[PDB]
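Here we start with a single chain on its own, the form deposited without the named molecule, put down as structure tokens.
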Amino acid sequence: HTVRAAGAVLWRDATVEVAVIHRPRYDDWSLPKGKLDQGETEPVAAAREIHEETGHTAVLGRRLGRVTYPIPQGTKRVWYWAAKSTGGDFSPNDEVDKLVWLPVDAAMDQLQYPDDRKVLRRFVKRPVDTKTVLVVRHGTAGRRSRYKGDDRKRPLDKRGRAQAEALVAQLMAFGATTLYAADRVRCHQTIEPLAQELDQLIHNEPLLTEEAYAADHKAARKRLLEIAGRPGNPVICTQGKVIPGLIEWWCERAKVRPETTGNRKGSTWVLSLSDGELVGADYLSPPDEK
């Protein structure tokens, strides 16, 4: 029995201040967090908990690890994010009666739970004013052997179209602003719902297909850095044989260790950048998977 939850270190420029919330249920101070609703992903729940408990909007950045809490016959797992406030105002609500903004050392003294102090230590370990590259493996698209036509053109299946829809809220939680996809229909279709939401066109990326990458890794890596260097938070949707090598290459060049890893259809790598340099690589499950 594993209960899935998420939470955040909500912060703003004062130079950084962090929000600490008071909960009358236990009469003490902590960080925003809560359980995932049915169908929800961790990032979307973290942002939702920020909204409900603090009244603020925010954009999630780097993942800050997990905390595990004993419950009867199982555990509650809470994944945390850094989250930069983007607006909104605190109002007392059904969970939280008070909110204070504190420099990190004062926040550390206010947080009497060891696990919250641990999350805050993870927060200060690396920069938090980060830009984000979102590398997405396209959603499910059936089997190649069942499709007789030009395999470039093979579309998402029903499940995959649902993953594309569910990725809108996932990717919005990280403040996606610009859109890129490898030159395959299944990659474009994965981000078309987001394109409709953002009112953004999808920029085609011939260098980031499986066949291109297999023939030239260096062009793909160079193109990835070009995309990443532009201001904004780009989403780049590509293929299974492309992503692992790109993620590994970037992590090696930056000396960044991913806490988790995978490469499922519909999954996302959140790549956090400080001044152009990678500082986090966070693998997210497909939205319809734990």
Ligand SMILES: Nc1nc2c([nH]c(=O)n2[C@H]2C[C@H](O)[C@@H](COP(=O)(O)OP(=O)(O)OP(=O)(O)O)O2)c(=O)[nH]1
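By rigid core we mean the largest C-alpha set that fits within 1.5 Å across both forms. We number the residues from 1 along the sequence you see.
The same protein also has a form deposited with the named molecule bound, omitted here; what follows describes it.
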property: In the bound PDB entry, the one of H51, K35, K222, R230 near the named molecule [non-hydrogen atom within 4.5 angstroms]; result: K35
property: Contacting member of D28, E259, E226, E252, with respect to the named molecule in the bound PDB entry [4.5 Å, heavy atom]; result: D28
property: Region of this chain that lies against the named molecule in the bound PDB entry, out of 159 to 167, 192 to 200, 125 to 133, 111 to 119 [heavy atom, 4.5 Å]; result: 111 to 119
property: Distance check, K76 to the named molecule in the bound PDB entry, heavy atom within 4.5 Å; result: yes
property: Conformational change between this form and the one not shown, one of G142, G74, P206, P103, C-alpha moving 2 Å or more after core fit; result: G74
property: Closer or farther in the bound PDB entry, the Cα atoms of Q73 and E40, when the shift from this form is 3 Å or more; result: closer
